[PDB]
Amino acid sequence: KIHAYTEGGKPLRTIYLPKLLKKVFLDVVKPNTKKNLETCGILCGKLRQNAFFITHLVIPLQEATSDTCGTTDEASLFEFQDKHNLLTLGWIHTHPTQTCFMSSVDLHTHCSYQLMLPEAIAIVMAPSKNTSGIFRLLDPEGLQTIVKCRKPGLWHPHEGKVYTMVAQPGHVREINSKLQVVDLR
Ligand SMILES: [Zn+2]
Ligand SMILES: [Zn+2]
């Protein structure tokens, strides 16, 4: 029906995203959000008939600040995904006070995801603005720029366009689909 393509002309498989995921993510991390601390979650799922289905939202053991978060125990995260044969399809995090965009750190973070899966997405929630966005790096040019980047500091800028919003419903379609929320904290 509708098929999205990268900037380099690679076809992107559709990711189906349960409509409830964004809301329950905000609920499960709300105590952090109240402290103006970021929280991240991992979007996990399965490949079925050439499309991806997000089935699990996994909140890993993590450390956070006002403008970063990062998994600290990859082991329990990897163990859970291995046990349930779950693919990593992307990730989600909060900007407790800011608008919804991809920070410099977010772009470097997302490069690891999109390197391993061309379709990988970054969902950014801006609850104080009641907004959200779903993003990816330009492929190949954005991936190239981030991989080449050696600039010091967590908040450095990048030269040229690096990221864009994902196609909806072409690349990501929000649908009625089952969901499990897993809190590893
Ligand atoms: Zn961010
Ligand atoms: Zn950089």
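Swiss-Prot numbering applies to chain A: residues 249-433, in that order.
So this one's X-ray crystallography, 1.6 Å, going by the header.
Cβ from N, Cα, C; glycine included.
Residues or ranges marked as Zn(2+) 1 binding site by Swiss-Prot: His341, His343, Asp354. Taken residue by residue with DSSP, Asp354 (Zn(2+) 1 binding site) is part of a helix. Sequence-distant neighbours of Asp354 (Zn(2+) 1 binding site) (same chain, 6+ apart, CB under 8 A from its CB) are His341, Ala370, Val372.
Residues or ranges marked as Zn(2+) 2 binding site by Swiss-Prot: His356, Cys397, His404, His406. Just so you know, the Cβ of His356 (Zn(2+) 2 binding site) picks up 16 other Cβ atoms within 10 Å once every protein chain is counted.
The residues of the domain 'MPN' (262-392), classed with DSSP into helix (H, G, I), strand (E, B) and coil, number 43 helix, 49 strand, 39 coil. The domain 'MPN' feature in Swiss-Prot is assigned to 262-392.
The motif 'JAMM motif' annotation in Swiss-Prot covers 341-354 and is backed by sequence analysis.
Feature annotation from Swiss-Prot assigns site 'Indirect zinc-binding' to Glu286. The 10 Å shell around the Cβ of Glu286 (site 'Indirect zinc-binding') contains 24 further Cβ atoms across the protein chains shown.
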### Task
Can you tell which of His341, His404, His406 has the least company, meaning the fewest other C-beta atoms within 10 angstroms of its C-beta, among these binding-site residues?
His404
### Query
Do you know offhand how many angstrom separate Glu286 (site 'Indirect zinc-binding') and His356 (Zn(2+) 2 binding site) by C-alpha?
16
## Note on the structure
CA pair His356 (Zn(2+) 2 binding site) / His343 (Zn(2+) 1 binding site), Å rounded to integer, equals 16
### Query
Once the chains shown are all counted, how many other Cβ atoms turn up within 10 Å of the Cβ of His343 (Zn(2+) 1 binding site)?
24
